[PDB]
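What follows is one chain in structure tokens, specifically the form deposited in one PDB entry.
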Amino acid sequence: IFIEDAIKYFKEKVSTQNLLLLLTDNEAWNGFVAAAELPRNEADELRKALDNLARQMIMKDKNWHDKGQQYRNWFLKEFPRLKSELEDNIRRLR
């Protein structure tokens, strides 16, 4: 019921961007589940459902597809991290 109720909320207030931010960062999920005082077992069932909701939103909204701008914006904001992580990887091997 509660989880079912929560999903109907993430569709009202939360934007797809904000939902992904919540799903992608583990610091963010904790601040969410702990602040909500959720049980751990129910927490995973919920994290599973939002992933599901996040996936249904992406299919629906071409803006989040490869050619979609929200995707390329997400990809632009993530780029500085991927670059440095790949740079560090190479130094080791090389």
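Residue numbers here begin at 1 and follow the sequence given. Take the two forms, find the largest set of C-alpha atoms that superpose within 1.5 Å, and that set is the rigid core.
The protein also exists as the form deposited in another entry; that form is not presented, and the subsequent description refers to it.
Taking 2 Å as the criterion, residue 72 counts as shifted between this form and the one not shown: its C-alpha moves by at least this amount when the rigid core is aligned. Once both forms are fitted on their core, a CA shift of 2 Å or more is seen for residue 63 between this form and the one not shown. Compared with the form shown here, the C-alpha atoms of residue 55 and residue 65 sit at least 3 Å farther apart in the other form.
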